[PDB]
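Asker: What would the 3D arrangement of this be:
(2 chains, ligands or ions: 1)
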Amino acid sequence: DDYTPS
Amino acid sequence: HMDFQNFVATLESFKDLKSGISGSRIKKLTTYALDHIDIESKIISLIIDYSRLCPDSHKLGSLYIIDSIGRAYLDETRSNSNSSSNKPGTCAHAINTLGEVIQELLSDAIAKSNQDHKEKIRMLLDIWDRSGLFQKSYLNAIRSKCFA
Ligand SMILES: [Cl-]
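Answerer: Residues are numbered from 1 along each chain as shown, chains lettered A, B, ... in the order given. Below you will find the coordinate block:
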């Protein structure tokens, strides 16, 4: 459930 | 339908995450923020205060919340050709409010983060500089202190 900004 | 108390509860639940980061929960908050721009002022003051008040290792996730909502609202302003930076209930005003505190929020989050989260904040500064989300001069002041 990571967050990687795109 | 998700109401504002649900938004509060979701944000409150970040305390329970070891990392303070949840892609799916950030997406829920962002979808709510895009659907309720008419109350962006209390959405924005909450996520600002979440960043101010959350634990040190959760500072990074607080900036991801601001990144997600901030760039969703930034995309609206460019779709809609709107620059009503002082009109409450608008994306442009929400971004302006975030920009007035963003240097404080960055300085505190970087100072309280370990080396790994600092590097992730550096990456956000790159994206904010490239996307045009905040005034580059504000980000310059931060980047020159912490990342040069
Ligand atoms: Cl807009």
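Asker: what's the helix or strand for the residue positioned nearest the centre of chain B?
Answerer: Taking C-alpha atoms, centre = their mean as the criterion, residue B:66 is the residue nearest the geometric centre of chain B, at 1.0 Å. Taking DSSP states H and E as the criterion, residue B:66 maps to helix B:59-80.
Asker: in that helix, what counts as buried?
Answerer: Neighbour counts over helix B:59-80 (16 or more other C-beta atoms under 10 Å in any protein chain shown) mark B:59-74, B:76-77 as buried. Any C-beta I mention is one placed from the backbone N, CA and C, and that applies to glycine too.
Asker: My read is that the residue nearest to the centre of chain B contacts residue B:105, right?
Answerer: Yes. With contact defined as C-beta atoms under 8 Å, residue B:66 counts as touching residue B:105 (7.3 Å).
Asker: ok so, going back, considering only the buried residues of helix B:59-80, which also neighbour chain A?
Answerer: B:61, B:64, B:67, B:68, B:71 (C-beta under 8 Å from any C-beta of the partner chain).
Asker: Next one: the third one from residue B:147, what distance?
Answerer: It stands for residue B:67. Taking C-beta to C-beta, to the nearest Å as the measure, residue B:67 and residue B:147 are separated by 16 Å.
Asker: coming back round to it: so what does the helix holding residue B:66 touch, helix or strand wise?
Answerer: Under the contact criterion of 3 or more C-beta pairs under 8 Å, 6 or more residues apart in numbering or on different chains; DSSP states H and E, helix B:59-80 touches helix B:23-35, helix B:40-53, helix B:91-112, helix B:115-131.
Asker: Distance from the longest one to the middle of the chain?
Answerer: Think helix B:91-112. Offset of helix B:91-112 from its chain centre (C-alpha atoms, centre = their mean, to the nearest Å): 7 Å.
Asker: OK, contacts around residue B:103?
Answerer: Applying C-beta atoms under 8 Å, 6 or more residues apart in numbering or on different chains, we find residue B:103 in contact with B:138, B:141, B:142.
Asker: Among those residues, which one lies nearest to chain A?
Answerer: residue B:142 (16.7 Å; C-beta to the nearest C-beta).
Asker: show me what contacts that closest one?
Answerer: Contacts of residue B:142 by C-beta under 8 Å, 6+ apart are B:103, B:106, B:107, B:110, B:125.
Asker: Would you mind measuring from the first one to residue B:132?
Answerer: Same thing as residue B:103. Separation of residue B:103 from residue B:132 (C-beta to C-beta) stands at 17 Å.
Asker: Thanks a lot, see you next time.
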